[PDB]
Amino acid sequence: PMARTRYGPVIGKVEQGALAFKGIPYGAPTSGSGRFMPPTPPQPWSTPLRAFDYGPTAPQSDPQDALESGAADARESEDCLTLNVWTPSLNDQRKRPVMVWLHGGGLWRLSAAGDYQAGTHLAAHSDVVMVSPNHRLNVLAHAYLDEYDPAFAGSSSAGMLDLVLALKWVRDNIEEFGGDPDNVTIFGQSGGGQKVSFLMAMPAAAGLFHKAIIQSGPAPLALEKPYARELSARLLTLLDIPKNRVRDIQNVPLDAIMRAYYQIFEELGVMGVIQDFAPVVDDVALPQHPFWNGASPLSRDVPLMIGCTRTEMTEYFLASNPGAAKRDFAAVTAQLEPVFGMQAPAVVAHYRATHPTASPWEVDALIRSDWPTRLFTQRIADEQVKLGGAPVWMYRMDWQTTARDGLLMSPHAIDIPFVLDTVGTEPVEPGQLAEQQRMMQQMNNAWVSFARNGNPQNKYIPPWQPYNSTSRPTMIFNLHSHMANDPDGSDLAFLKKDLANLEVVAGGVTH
């Protein structure tokens, strides 16, 4: 299938009734004079480009690990501004909803590739157009070089401006791929939800999307200049670049950049509390924290669907602490001291009181899901509804896998196949295939109805009232779903009493 773009024609493939285009360039290479600068459109091509394969992965690996190892090369590249489109049709003016998927991996890892997150089924089954861009990550995306040379104003948001350029590509081109440029939903999980959070406050992105979904990935805070300065000072020193000649950083080899990055990454961590290279409140690309000090009025009229899973961090914590599920309550408390300090026994005691039949592992799992994911999720929703504009829809995903003897429960990312209609691409435990298909039918139809109609209600779930910050009505997704007011609300209330004294972002937030 041949489609036209502003920069030249592309050829896709027919896959399962849908048209699939992979690796379409939307920006120029970012090496050389593009490094730590905003993206630019690509140079146009004349003959049709075969968009048959995913584009290059953004640089993210440690060059030390690739030496004397037996892994297939990742083929990471600074020429990574490509995107994928899955669509039922080309330029027929039927104005299908456009769902722009922002991949996960914090702001630092991964890519849009992989069966579990392909848009084939969404396109063929739901008559939507799905777009997923790659973009710069980690230090190439978010180095704070503004104060070294005026040319680098906004540098810590370069990787977010990549996504803005991808959204301009959609505006200018999606009609050729059967989509409505006036009905664009941005959505993402984990780091993808963090990317949605930042875009909601970015002046450059305003008007380029109309709806937003944040799935297990709140970012109500950015970095502030003091801590970002410390990161970029270390980067320049480790690369032997004096403050005076910072532009020379654009011509050092990529390996030297990535080695220095990991040098810094080592000497520095609960997920969701940002401490790596990230966007800065810099008054150029990002004028405020996304939500902590108030939601941006830029997105007052953007409806938002937002939520998280019940036990987000079980798999991640076990993968970092394989014997963790054996701990008793004293050990659970002791290993929460780095997070809650003096208040760790009080927190564990509170959760034992509100969950009196929960094991130590289950208590620990609820605490580590609530802090920071569910607390931050609630904060974003509270700040958005305070704008008094478009509605907000809150959910919590409570379905449990039986994996690893019941220890995982409702972990991070387990619901990606439910929302994307890709069940089977991820593990399925014996006796749970029909359950996952039922979870998909409920959640996929909610995502699609939100994109198509502006309201997630659908015939497979009960009526879903918009969120407010007094009774806090929340959709509980499970094999049979149901609304609940302020689910386990006293747990978050307890954490909020201690909030002024917890680390919420590296370097803190000015008030």
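Sequential numbering from 1, following the sequence displayed.
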In the deposited sequence, how many residues between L268 and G269 have no modelled coordinates (none, 1 to 3, 4 to 9, 10 or more)?
1 to 3
Read off the CA B-factors in the entry, average them over 353-361 and over 259-267, and name the higher stretch.
259-267
Between 466-474 and 443-451, name whichever shows the higher mean Cα B factor according to the PDB entry.
466-474
Of the choices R310, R368, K326, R96, which one's C-alpha carries the largest B-factor in the record?
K326
Whose C-alpha has the highest temperature factor in the PDB entry: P42, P38, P59, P63?
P63
Taking the values exactly as deposited, rank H121 by C-alpha B-factor within its chain and report the matching third: lowest, middle or highest.
middle
Can you work out whether the C-alpha temperature factor of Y144 puts it in the lowest, middle or highest third of the chain?
middle
Is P290 in the lowest, middle or highest third of its chain when residues are ranked by C-alpha B-factor?
middle
Chain-relative CA temperature factor third for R234:
middle
Test of reading the entry: by CA B factor among the chain's modelled residues, which third contains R75?
highest
